[PDB]
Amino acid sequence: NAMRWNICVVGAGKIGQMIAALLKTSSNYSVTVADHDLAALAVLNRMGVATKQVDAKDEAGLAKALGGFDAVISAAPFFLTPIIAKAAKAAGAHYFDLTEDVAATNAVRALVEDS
């Protein structure tokens, strides 16, 4: 069993909830969701998902909050990707940049490249 990939999903919005429920149902993954909003987290707790309060303005805090995870999935706005990726790297976890809104993030990605 305890060979599960241990994932931290940063962001408790819609996509955070979806990827959490997916991971929760899998036999090869463990999931924790980290967010600043305690009501948002309550939702995840009402799904049986482990949660952790974080604050992306406190970078050392965030790094420490991401310790012990195999990977960190952003379910957060694209604009926090630099912060979450840095904390993930500092924590020794692989970083997967899904974001809270894939269409918007993809459009930002296209701008960056239409350059």
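Residues carry their position along the shown sequence, with the first being 1.
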Comparing mean C-alpha B factor in the record for 75 to 83 and 50 to 58, the higher one is 50 to 58
Pull the Cα B-factor of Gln17 out of the PDB entry and bin it into the chain's lowest, middle or highest third. middle
Ordered by C-alpha B-factor within the chain, which third holds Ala34? Give me lowest, middle or highest, please. middle
Using the B-factor values recorded in the entry, state whether the Cα atom of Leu66 falls in the lowest, middle or highest third among the modelled residues of its chain. middle
